[PDB]
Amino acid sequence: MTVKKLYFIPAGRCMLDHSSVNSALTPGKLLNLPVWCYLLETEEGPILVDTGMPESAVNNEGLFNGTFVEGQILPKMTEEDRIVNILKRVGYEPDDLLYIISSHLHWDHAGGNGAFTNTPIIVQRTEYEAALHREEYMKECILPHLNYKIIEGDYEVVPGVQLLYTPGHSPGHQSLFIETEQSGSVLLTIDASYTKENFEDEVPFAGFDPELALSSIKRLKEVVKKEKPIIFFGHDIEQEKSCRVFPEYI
């Protein structure tokens, strides 16, 4: 009826311009932001939420040189941050997992998806379809022959694990509402808000459709008023300071 453990697992980092967390801002200063994956230990088995950055980012800050985001995005990833290595340390191999949940298919959330060729990968149909053609999607993030479990809208993965459709930051972005044994209700916004102020204060941030992102935030706020969860944001360096991370769980 509840998830036994929820682990916050650091998966490397990334430098972005600060206008990414506040659209109104003028570019110049850099921000070293956390990249996260999460692992859920459940009665039915372990579930991994997101898979970190692509192998091409390892020891390669200059990954995006040449492209349309040169200098605006610098991955900070070492060999330890490869998702397979992360799992090996938590104590699993890819084929051990019950499901992978892709919040969305941006490079910092699905770069490791290719490592999982048997596990069903739960992703929104609108995200998948967008990844097939929009330019912000890397080939590592859409590989054609993985075992996708394509869903549309809200969805219960296993008891205590609910996906909430929250498009806007990307066309098919989804957040998680989790009931854990130790903490009760937890809302993982993922990138439906990078920071606490994108959420509470509705400050605009990096995204595909800000009108949609705002209505997804208002939808999450209705949920919060009802369930009163503890809430964790997608890329928030102030909140990161106090987050209990692996090997602690919540």
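We number the residues from 1 along the sequence you see.
Here 61 to 69 and 35 to 43 are compared by their mean Cα B-factor, and 61 to 69 comes out higher. A summary of the deposited B-factors shows that, of 195 to 203 and 24 to 32, the stretch with the larger mean C-alpha value is 24 to 32. Per the PDB entry, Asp95 shows the highest C-alpha temperature factor of the residues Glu140, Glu129, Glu156, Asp95. Ranked against the other modelled residues of its chain, the C-alpha B-factor of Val90 as given in the entry falls in the highest third. Sort the modelled residues of the chain by CA B factor and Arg82 lands in the middle third. The PDB entry assigns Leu188 a C-alpha temperature factor belonging to the lowest third of its chain's modelled residues.
Looking at the C-alpha B-factors along this chain, the one for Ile231 belongs to the lowest third.
When the modelled residues of the chain are ordered by C-alpha B-factor, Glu135 sits in the highest third.
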